[PDB]
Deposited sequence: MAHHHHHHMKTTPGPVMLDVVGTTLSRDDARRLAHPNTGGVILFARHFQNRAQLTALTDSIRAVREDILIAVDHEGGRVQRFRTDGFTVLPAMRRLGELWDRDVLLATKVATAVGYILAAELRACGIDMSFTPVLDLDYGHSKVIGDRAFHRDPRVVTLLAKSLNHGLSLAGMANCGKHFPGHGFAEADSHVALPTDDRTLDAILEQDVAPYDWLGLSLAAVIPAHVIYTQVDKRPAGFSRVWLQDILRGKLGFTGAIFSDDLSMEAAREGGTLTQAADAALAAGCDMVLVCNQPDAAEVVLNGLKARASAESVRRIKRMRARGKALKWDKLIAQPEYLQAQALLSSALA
């Protein structure tokens, strides 16, 4: 079986019959996990194993950014800094900040891999303008050159554990005021202004950027469609001008800005997303699985398969004794308050 375009979630800490039905659907390609899916490492590892047992080619993801966005924060998961802390470190010592960013990435990925997770939806490449509450301390820095090199160093750490990455929220959520969870944010800047600054990290990262999530933000001088439903943003700019060949994941179609779910999914995929997220309503996601309009998918499937974690990973009982992991832990503890 090959991955479908929909990433959805499961009902709880153990798989149900209804989850198994959805996981077997040809239009399912992923699972996203939240805090409610985590009781402890043993339970989470059993859950991810059970998911892969139903659907061998499934991608399993989570939001592990650090700071305010980190689903698993107990039973030995390391509580990671807000990414803003790394930009503050850079302002004091550029080179140390890059070293610490790698150590954070390695820890982040290695601990996720130990529980059988493929990837985290990180890094946030949004610029820290100070304008956006929803982003806030999730942004690395104001300066796109600094965002790029800190995010690159983080992504390097992720790669040391065989993990990919996903830059977000393209072409930039940092400037717009509103929260896309609960409203429809707008950004009235010119295309050239957005390209010069906010898009620059996506371009400069090159092969170091594996995937993107687009913002549910309307860039009113560029397209009246939100970026994840915009052929202009996803094809003309990201695939075209930037030459990007990695996976594109819609932002959560359950979010107010994304406003049927099936129509929004079809529109996201037509615009250029390879996978669509439907979070926190699995029955409604099942309606999407069965209602989605047919489309060419071979090019999307190549990209989706390339988001699976690479190589072997250490289980927890080995990771806890690994010198690299221990060195990374010591550096985090000493370099950051």
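Unmodelled regions of the deposited sequence, numbered from residue 1: 1 to 10, 270 to 272.
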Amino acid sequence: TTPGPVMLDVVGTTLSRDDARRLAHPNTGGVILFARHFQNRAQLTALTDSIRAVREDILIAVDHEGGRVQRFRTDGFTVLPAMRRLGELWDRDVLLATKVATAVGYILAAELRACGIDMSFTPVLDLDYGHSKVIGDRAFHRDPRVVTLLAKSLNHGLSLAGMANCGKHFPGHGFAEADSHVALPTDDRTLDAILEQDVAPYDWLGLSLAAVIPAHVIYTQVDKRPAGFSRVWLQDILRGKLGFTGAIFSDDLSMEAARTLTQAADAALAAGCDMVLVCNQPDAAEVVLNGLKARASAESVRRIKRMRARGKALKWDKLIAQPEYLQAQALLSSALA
From here on, numbers count along this sequence of modelled residues.
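Looking at mean Cα B-factors across 287 to 295 and 300 to 308, the upper value is held by 287 to 295.
Mean CA B-factor, 183 to 191 versus 225 to 233: the higher value falls on 183 to 191. The entry assigns its greatest Cα B factor, within the set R84, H173, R113, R259, to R259. The entry assigns its greatest Cα B factor, within the set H141, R138, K241, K99, to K241.
In the PDB entry, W204 places in the middle third of its chain by CA B-factor. When the modelled residues of the chain are ordered by their C-alpha B factor, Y219 lands in the highest third. Looking at the C-alpha B-factors along this chain, the one for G130 belongs to the highest third. Sort the chain's modelled residues by C-alpha temperature factor and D198 lands in the middle third, per the entry. The deposited CA B-factor of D91 belongs to the highest third of values across its chain.
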